[PDB]
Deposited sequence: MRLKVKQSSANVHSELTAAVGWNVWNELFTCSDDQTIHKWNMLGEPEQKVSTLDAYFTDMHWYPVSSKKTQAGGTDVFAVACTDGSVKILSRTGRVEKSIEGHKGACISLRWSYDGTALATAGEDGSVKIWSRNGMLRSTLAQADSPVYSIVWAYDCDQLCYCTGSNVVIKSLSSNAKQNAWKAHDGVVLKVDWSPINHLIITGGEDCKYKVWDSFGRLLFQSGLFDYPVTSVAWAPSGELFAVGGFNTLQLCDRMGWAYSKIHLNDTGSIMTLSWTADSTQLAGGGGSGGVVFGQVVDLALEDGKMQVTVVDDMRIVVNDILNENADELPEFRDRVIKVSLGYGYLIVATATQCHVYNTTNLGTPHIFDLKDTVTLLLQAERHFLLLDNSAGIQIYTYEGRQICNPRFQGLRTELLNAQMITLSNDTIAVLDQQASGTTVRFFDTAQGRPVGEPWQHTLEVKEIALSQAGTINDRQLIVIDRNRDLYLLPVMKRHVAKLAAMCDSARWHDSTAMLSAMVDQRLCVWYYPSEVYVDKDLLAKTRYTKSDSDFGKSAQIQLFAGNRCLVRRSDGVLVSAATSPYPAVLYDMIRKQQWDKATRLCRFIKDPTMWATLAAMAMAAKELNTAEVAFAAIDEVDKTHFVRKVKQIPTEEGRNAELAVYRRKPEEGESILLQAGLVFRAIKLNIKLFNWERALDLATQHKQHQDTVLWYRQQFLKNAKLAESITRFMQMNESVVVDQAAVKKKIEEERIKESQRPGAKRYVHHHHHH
């Protein structure tokens, strides 16, 4: 994918509302409205004041919108902070700072407004403009502030440093030196908890919430002047001197675009649906970017989302391409798998059998789709109104799993996982981190919710077999990898120093990054049975280093595709044999499996077969396998 860019003294601030209007604040002392086509529509207001920053009152869903929430706040150079309506009516003007107010953000729950001054103060206000508290007084201008999602913590920069402070508690403000120079912008994703920064050392960087560096860019020619997370948390944008870059959440860049005489891009804002962004530059021009050329593939099928109207389906059964009919509303979310293509527009969900593109099943959407997941039998669609929805591939809603205190706007693909019989959801709260399971038939809770002692980074369900086969992996914040069956549910630790893990597409096998090495478990369940045989069915490629923070993108057939932190996709061969053993054994062909193992004389396959045999209680076979293993010793 890439950023498709369109360009419209200084344009000081930009911000999209949930109605997909872009408001821009310029040094002409005017505020203008723009539409998603990147066209100017109206002068909304004119003020005797210069602008530095703006923020729309945050709305989780325009469907659950009702209230006086159609307002935005603007920071001014005279130190005032003004709340304006969508129509430009001044609701409230606040004398917030001495000298310019240079950054501000509404809390996510809308109960507070945070402002920061060149005077180095960070202040917290009620909407009534009352001073709620002075959070901080730094020794340098606080160029950028953002909230934690719970609104009990604020992240801000001062000098070279990033600071995280609690509003309620005191404890210890976490702080670190982020850049070798002045930090110019920060952002903190509420959905993936990652922090991004850019500054005068001419780099951008990605951090976790604890100050651990996850990515640092090479040198730009000039300071990085803005960074912004897409609401999806899967992408962020970077602005600089006549440049705009689109980055993966891992940090590496999809595209770097040179802009036409914009000066530095000082301000960034994304649309709520993460498909577009806007940037304000020192020149005063407004830049519009659209995320395009999304590529999906599954087996022989390749799908390219050309733009928000146009999709091509490439069916390489004979080097083919089919252009889908142009979409009547903007394409928002697309997913491919299991022989089906799902296209969610702003108002409709299309489900295509990829072999019969001419007859999709289509149903109405009443809210913005925020996630699509697919399994063999059905798929999952998420929005912030009805929440978690499980659909047949003919478009019939099967169930709507829910639980008290579920916050759907915080779920990404790391937090919720689907399979043929089970859904698992990470329920993250100040009180506790627990994994909750639900069945896909009725959406009813399955078993007792599982509590971990540490914060969890991500969870994922295995795909093969039945409910008794269903397993969850858990990676926690210490980078420990756990295995947890849905039904027997007794946890086991599989690895330390785990950066990633992925279930095999078609079998119970598991892959993971373990201290930067590729490790494969041919039979992960063995950990509950026999630690010694578990080790014999676990293979680590000792000499292949995937670097820091590598992410497994696919584990299927006999290959594992691994995305490195630097954006390089590595293809690693795994054993050609264990999937064949799985196939043979589900067909009860124990004779054939023993013959195969006798032919390849591979101790790890003998161990895998022995594990399979013991679980099936094929004792004759297990005996042969153990005999073969003990023989090579």
**OP:** Spell out the unmodelled ranges of the deposited sequence for me, N- to C-terminal, numbering from the first residue.
**Re:** 9-14, 640-771
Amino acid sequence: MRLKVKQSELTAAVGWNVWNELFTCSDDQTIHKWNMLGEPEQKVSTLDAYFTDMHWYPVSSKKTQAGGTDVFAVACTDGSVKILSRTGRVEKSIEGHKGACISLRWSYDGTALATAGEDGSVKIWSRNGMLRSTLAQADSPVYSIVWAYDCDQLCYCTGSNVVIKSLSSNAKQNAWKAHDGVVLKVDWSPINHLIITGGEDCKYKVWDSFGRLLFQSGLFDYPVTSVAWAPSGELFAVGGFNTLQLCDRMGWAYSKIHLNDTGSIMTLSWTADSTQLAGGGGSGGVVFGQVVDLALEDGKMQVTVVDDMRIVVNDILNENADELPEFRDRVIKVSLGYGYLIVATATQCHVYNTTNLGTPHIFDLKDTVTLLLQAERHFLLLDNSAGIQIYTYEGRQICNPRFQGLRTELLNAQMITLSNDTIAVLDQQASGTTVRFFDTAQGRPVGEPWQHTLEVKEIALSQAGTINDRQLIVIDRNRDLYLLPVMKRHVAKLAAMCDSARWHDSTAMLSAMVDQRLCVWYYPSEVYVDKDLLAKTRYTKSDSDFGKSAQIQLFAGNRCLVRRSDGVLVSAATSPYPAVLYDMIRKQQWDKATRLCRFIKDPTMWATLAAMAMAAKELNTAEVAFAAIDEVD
From here on, numbers count along this sequence of modelled residues.
Original post:
With respect to the recorded C-alpha B factors, which stretch has the higher mean value, 112-120 or 225-233?
Top reply: 112-120
Original post:
Comparing 319-327 with 176-184, where is the mean C-alpha B-factor higher?
Top reply: 319-327
**OP:** Please work out which residue in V351, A253, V529, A556 has the highest C-alpha B-factor recorded for this crystal structure.
**Re:** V529
Original post:
Of the choices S144, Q442, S335, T453, which one's C-alpha carries the largest B-factor in the record?
Top reply: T453
Original post:
Going by what the PDB entry lists, where does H504 fall on CA B-factor within its chain: lowest, middle or highest third?
Top reply: lowest
Subject >> Among modelled residues of the same chain, the CA temperature factor third for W270 >> reply: lowest
Subject >> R564, C-alpha B-factor rank within chain (lowest, middle or highest third) >> reply: lowest
**OP:** Could you look up the Cα B-factor of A148 in the entry and say which third of the chain it sits in: lowest, middle or highest?
**Re:** middle
**OP:** Give the position of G239 by CA B-factor within its chain, expressed as the lowest, middle or highest third.
**Re:** lowest
